[PDB]
Every structure is written in C-alpha cells, then in structure tokens.
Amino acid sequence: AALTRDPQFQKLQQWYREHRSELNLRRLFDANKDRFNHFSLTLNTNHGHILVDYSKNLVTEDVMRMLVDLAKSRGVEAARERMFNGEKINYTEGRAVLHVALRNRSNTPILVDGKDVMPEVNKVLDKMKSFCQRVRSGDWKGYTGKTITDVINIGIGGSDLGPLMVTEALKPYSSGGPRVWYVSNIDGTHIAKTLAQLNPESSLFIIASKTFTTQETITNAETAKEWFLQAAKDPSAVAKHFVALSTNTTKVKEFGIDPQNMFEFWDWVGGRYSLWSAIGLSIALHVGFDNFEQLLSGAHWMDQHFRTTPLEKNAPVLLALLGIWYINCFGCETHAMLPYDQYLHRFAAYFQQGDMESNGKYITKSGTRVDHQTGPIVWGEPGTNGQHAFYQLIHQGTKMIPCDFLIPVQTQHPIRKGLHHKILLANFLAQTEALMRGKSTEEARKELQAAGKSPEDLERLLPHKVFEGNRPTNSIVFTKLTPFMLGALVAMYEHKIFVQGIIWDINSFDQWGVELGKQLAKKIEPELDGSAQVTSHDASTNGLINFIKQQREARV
C-alpha cells in the first residue's frame, strides 16, 4: 500500500515508538497551562457555535505537526477539490461523489460530464417543497378525501437510516407535520406491526430506493400496496397514497406509481450520503421544507468550512487525523460516538453505517492489498445511560477506545428551570475529565480510610477501586441542536470519513459487500421450500436449513 511507503507516516510511526510512554494527560495539562487553547477549535456558523475540544487526546505540538504533514503528503487538499469539482473519484463504479452538490445553497456550478447538475438538484427540491406544502396543509387529499395524518417510508440502509435519524433528532420541530414511520427490515414484523396502526384513507407511502430493485424494499412496498388495495379496491387511488424516490424511472412506472409521483436523484448520490437528496422527503414532510432547507444550509456551511480552512485548523481534517493516529499507531479497532442527547439516539447508528460502509475496505486505488489498518468499528449509545453500562470497560477494561462526547448547550426542553440539562452538562464534563485523570493507588487509599475500613479489608479492595486514567476524548459542544446545526454536524463527520479514506488510499464510496448481499439470498431461497433434505451447500448451511425445515410446523 501507498500509505506505509509515505515518508511522513514512517516519521509518525517512529515518534510513537520512541515517545509513547511520555504521552500522559495529567502530566501534559499541568505542563502546558494553555493546552485547551493550543488544542481546540471554535467555529462560528452564525446559526450557533461549535467547540471541538481535542485537548483531552494523546497528542503534543509535534504529533499534530506530523499528522498535518501526512495530510499534505497523501494529497488531501487535491482529493477534496476533485470531489467538490465533480470528478469521478468513485473509480470502481465510474461515478462522481456529490452529496455536497445536493446542499449547495450558493448555487455555484458543479460539472459532471460537462453539464451543471445544480438545475436538476434545485428542480427536485422545488417539487419536494410543493409536495410537502400540499400534504402538510391538507391540499393533497386521500382516496376518501381525507388529509394525510401518517407518512410511511419504505426503504433499507441508506434509503432508511438518514431520514430515520434526522426525524428522530428534529422531533420538536415536527409540530403540524404528519407522524413518520420507518419500515426497513424484510422481517414481516416491521411492515405488519406498522400497517396494524395505520388507516389507509389517511396514509402516504414513500418507496425510497435508488435502484428500485432491492428485495427488502420492493417486497415491503408490494405488501403495503396489497394492504392498501384490500380496503380501497381502486387502482387509481395508488397515485394518491404512493410516491417513489429513485434514479430508475422505468422500474418506478412498472411498479404502478404515477410518473409525476417520482422524486429523482442521481448515481453520484451514495445511499449513506442520500438524506440530503430526495431520500429526505420524509424529513421535509415531518418538520417542513423550511427546516429541511436549514438542514442543507448547515451542511453547506460545513462543506465550505472544510474546503476553505487550512488543514491545521480544519474541523473534519483534525478529527480524521486523530483517528489515523489511534488506528495506525495505537492499534485501536473501535471508535465510540457518545451524544449526550436523547434526540440523537440513532446518531451513533447512522455513522456506524456512514463510517464502516465507507472505510471498511482492504484494496487501494491501484488494486494492491493494504498492509495497514483501515476503518474502525463505530458504535455508541446516548449519555448518560452509557455511564451505568459499557463505560465500565472504557474506564477499567483492557482495550483503548477513543470517544467522541457531543452535547448541545441549549436544550429543547428546559423543564424544572433547566435542572435536567444542568445535570446532563455536569455529567458530560465530569466523565471526560475522569477518563483523562483517573484515580491513583494513593487517592483510592485515602478515600477508603475516611469511610471506615480495616487494614486487612482495605488492601484487598484497593486495586479494584483504582482508575488508570489516560483515556482520550473529543468534546464537541454546540449551541443548540437545530436543523442547521445537525446538518453541520452530520457533514463534519461525512468529511472526517472522506479525509481518512484518502490517507488510506481506499475508495470511501464503493460498497461491494452490500452489493454482494443483494445477490446471495437467491441461491438459498428456492432450497427452503418443501420438507426435502438439502445437501447442495456446505455442512453448516445444509444442517441449518434442515433444522429450519424440521422446526417449521412444530407446535410451541
């Protein structure tokens, strides 16, 4: 791989191997009095501030210098320009990568195959706006002439997780919008338990699918259509209760959806970057097109910040480089995203798709296998809940986990005169601090003595109450979680992923594993029907199928 061959990478690996033991957070904070100032970024978006405090990380002045040097050496700025200019950086599929275009509020031209994509981008948005205004008011009526109370998105993966996470995150902005439902799994539970709660007279179905061929989405869409027509009995009513979000015009019309009920997007819109496109119609229906514009505007601000800011002060760039430092030097397999916000319960899950589906690769731009670590395993749950659970392994486990702590300063619900948010903020701060400093053998001994413990019981219990500390955190604090701020935060991580993949020399925009998954369950599918034994596969698969066939009619 090209990365292991790089001179700045080898310089960074050499420093790490020599000065690893001298990287102590408690020792560094009382050495450099202005460490916070030297290792933090204040971003003013004019719609809220973002503090990216990376001072609780295992870096000095020299380490950040070398990491910035690697970004230049791997050609991050050049690669960035190729993306924003509309060049075909998704080489494996022969596609541009333009999620940035979907939110380009400046309307500055972006050229794909000598043609500006912007007029078509803005046209779909206009169609979205009109549709939303029509549905949300009551202008768009059902087959019985009833106003839409329920919006149902049928889609999986990128055609699901984006709008799900965003509608959950921006829930208090959904006043006077219809309820949103998200059917994704093939599991009949998902579609069945949903339809049992809906009335077909006042329900709108959205068939979110880029290809419009995906088994899960199409099957779920056909079931809903069958469920709807069982009560309506009129094929003409489908044009009132069904809309599609796709690139494939032929497949949409073939399904039975009116060609004027289709909201287009393009192949340079990857699934895990599609919420910004027509895929976000469910978001725009829930919180309104105004808030959806604000969402795109926030992302736009972050795109502009990423493109114009020097690398040493660039937010997604610095976050990405801290990642490289822990993955390719410290050996960290994981990266934890811990939002101190209940609206952001699906945030960690969204970037579990976003990051892992992008940087979960092993083949370079040339075609050679990598001889270094690529993308991490991304996971997390909102605070404070995690403190009472997995934080135990973070504080006292045997594995290093770099964490991203995130929190709005202002809460959507300032109940009890701000008492709940005050505790939430206090906990946010205290936890990052505790991970940094810890509790020594002497500090634990003094605490046990004041409470009341005998020298025989105290000494046995002593090492168990000791916290080694020296665990790295990023503290990302923002003014308020508004549509705009969420847009900026999502886009920040989008480019964080992008920068990492460029350094690793991998394609962050192909998905050959998920492409494989869409073909696999066609070989096994016919072999499940009947009661006859299967031997066409390996010993494991065969045995599994025969067990399934056996247990199929068993009374329990």
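Here, rigid core means the biggest group of C-alpha atoms that superpose within 1.5 Å across both forms. The first residue of the sequence shown is number 1, and the count goes up from there.
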Of 445-453 and 402-410, the one with the larger RMS C-alpha deviation from the shown form in 8 other deposited structures of this protein, core-superposed, is 445-453
With the rigid core as the fit reference, the stretch showing the greater C-alpha departure in 8 other deposited structures of this protein, 251-259 or 341-349, is 251-259
Mean B factor on CA atoms, stretches 405-413 and 241-249, record says higher is 241-249
Quick note on 543-551 and 14-22: per-entry mean CA temperature factor is higher in 14-22
Based on the PDB entry, the highest CA temperature factor among the options 434, 275, 461, 285 is that of 461
Comparing C-alpha B-factors across 171, 445, 480, 471 in this entry, the winner is 445
In terms of its chain's C-alpha B-factors, the third that includes residue 526 is the highest
By the entry's values, the third containing the CA B factor of residue 153 is the lowest
In terms of its chain's C-alpha B-factors, the third that includes residue 129 is the middle
For residue 54, the third of its chain by CA B-factor is the lowest
Chain thirds by Cα B factor, record data; residue 373 belongs to the middle
